[PDB]
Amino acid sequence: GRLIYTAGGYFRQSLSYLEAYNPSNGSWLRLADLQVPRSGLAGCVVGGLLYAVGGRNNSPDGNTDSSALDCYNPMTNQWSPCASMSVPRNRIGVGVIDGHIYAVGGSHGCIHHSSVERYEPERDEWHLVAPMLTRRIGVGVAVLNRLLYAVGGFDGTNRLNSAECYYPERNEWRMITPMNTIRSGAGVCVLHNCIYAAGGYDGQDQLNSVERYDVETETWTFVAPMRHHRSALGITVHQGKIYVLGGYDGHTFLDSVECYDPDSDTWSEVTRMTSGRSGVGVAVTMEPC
């Protein structure tokens, strides 16, 4: 079976937790801690390995933005460092295309990045690619049909409803239709032919709303809202269903995990994380041993 891995996050300070949830039986497993606490990171999987990318260690002894890439092997339950990115990237978004990891946007202190870089596991090397048209931190990233989408975020001055697409063979970014909602620190993922954007912060309030972009019609449509308003949520897809994990609702660091069934257009509570946290990294891969 395949598990939903949550890495890092934030509650009082940045966290080192790695925990795995099994939708088939409801169980949570605590696995090997990250070597360095981090929130505002992203997770992804390549070749069955789990990668934790970017973030920041918010800690009583100082705050340090992360350029780190670290690899977790479920076969061994061990974290291994990989090559670091060109720059620290807190509140990062990532996407995988053709076995390569794209790191998108994020912050380094007051620097809000438009830059983008690509990691090649076989070479353990990062290389910069074309920058986005917009500086974006708290950016949602997804991949559909081997194209990379950057959705919403914060540009240093304003939260954004805008979104853009990267065409790898042209090394070029182009704007797409903006969302109907300003969203920073949303969860963004792909399901079927659609890019979903769930929650986020609009400048005044945390959001429960969810909308999706159909690449064939170039339009965004709202679907059913989540049960919990949330920003800095984790999101992933497991067996054709969207899962959202944790985040902040303006009041509480949520332990709520919700899942979306596109066929019934309904959200339901599925489990609680072992403790409330925001700004996790999430991805799906095989069971450990």
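Numbering starts at 1 and follows the sequence shown.
Chemist: Per the PDB record, is the mean Cα temperature factor higher over 125 to 133 or over 98 to 106?
Modeler: Here the higher of the two C-alpha B-factor means belongs to 125 to 133.
Chemist: Mean C-alpha B-factor higher for 280 to 288, or for 3 to 11?
Modeler: Higher of the two, by average CA B-factor, is 280 to 288.
Chemist: Out of 69, 42, 32, 245, whose C-alpha atom has the biggest B factor in the entry?
Modeler: Among 69, 42, 32, 245, the PDB entry lists the largest C-alpha B-factor for 32.
Chemist: Choose from 57, 236, 239, 231 the residue with the greatest Cα B-factor as stated in the PDB record.
Modeler: The C-alpha B-factor peaks, among 57, 236, 239, 231, at 239.
Chemist: Lowest, middle or highest third: where is residue 176 by C-alpha B factor in its chain?
Modeler: For residue 176, whose C-alpha B-factor we compare with every modelled residue in the chain, the answer is the middle third.
Chemist: Within this chain's modelled residues, let me know which third the CA B factor of residue 49 belongs to: lowest, middle or highest.
Modeler: Highest third of the chain for residue 49's C-alpha B-factor.
Chemist: Going by the recorded CA B-factors, say which third of the chain residue 184 sits in, lowest, middle or highest.
Modeler: Ranked within chain, residue 184 CA B lands in the lowest tercile.
Chemist: Sorting by Cα B-factor within the chain, modelled residues only, which third would residue 214 end up in: lowest, middle or highest?
Modeler: Ranked within chain, residue 214 CA B lands in the middle tercile.
Chemist: Could you say whether, by C-alpha temperature factor, residue 117 belongs to the lowest, middle or highest third of its chain?
Modeler: Its C-alpha B-factor belongs to the lowest third of this chain's values.
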